[PDB]
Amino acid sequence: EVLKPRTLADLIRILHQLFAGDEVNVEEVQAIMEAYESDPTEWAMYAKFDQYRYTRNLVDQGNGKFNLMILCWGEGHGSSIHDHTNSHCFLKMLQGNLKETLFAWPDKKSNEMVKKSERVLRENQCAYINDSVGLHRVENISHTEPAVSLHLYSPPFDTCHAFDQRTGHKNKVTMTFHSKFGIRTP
């Protein structure tokens, strides 16, 4: 009985409704994100790739309540281990596949970081994370094909921490957009 967006525009419209208030039903948002069938004709204008690192491409500013963006992962591209700055974070596959590795949080002592879970996100699958869930690393499973994902953050945030897997030490990182609304932002 899940409401099914027929287009990326439908999905954005529903998201404006679901985040208008003070409560966010995480499983409802997740189901609706997942029910949208990825259509490259609709999102190709955001799919701007870089040779060396994954790119972040803003789709919708969500009337300040959320940010919707598309992340483009070249061959073999992946993230650091990172947190999500106390926001809700939804990530849905649009093309290819990402491996998500969930990590436990370090404490004050220096130590190898500990994996809590490992999975590959399937076609159109929407995953969810927040800081209480854990840290994670996300990476393209493929060295011959790209991956593309649709990320929803609420509230928006533009800083996070990256963690060194060997020690647990972290550095604050400023996140930047490669493009906004289909327009390169260099």
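Quick note: we count residues from 1 along the sequence shown, nothing fancier.
For the pair 62-70 and 35-43, the mean Cα B-factor is higher in 62-70. Taking the PDB entry as given, 104-112 carries the higher mean Cα B factor of the two stretches 76-84 and 104-112. For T159, the recorded CA temperature factor ranks within the highest third of the chain's modelled residues. The entry lists a Cα temperature factor for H136 that places it in the lowest third of the chain's modelled residues.
The entry lists a Cα temperature factor for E145 that places it in the middle third of the chain's modelled residues. Ranked by Cα temperature factor within the chain, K48 sits in the middle third according to the deposited record.
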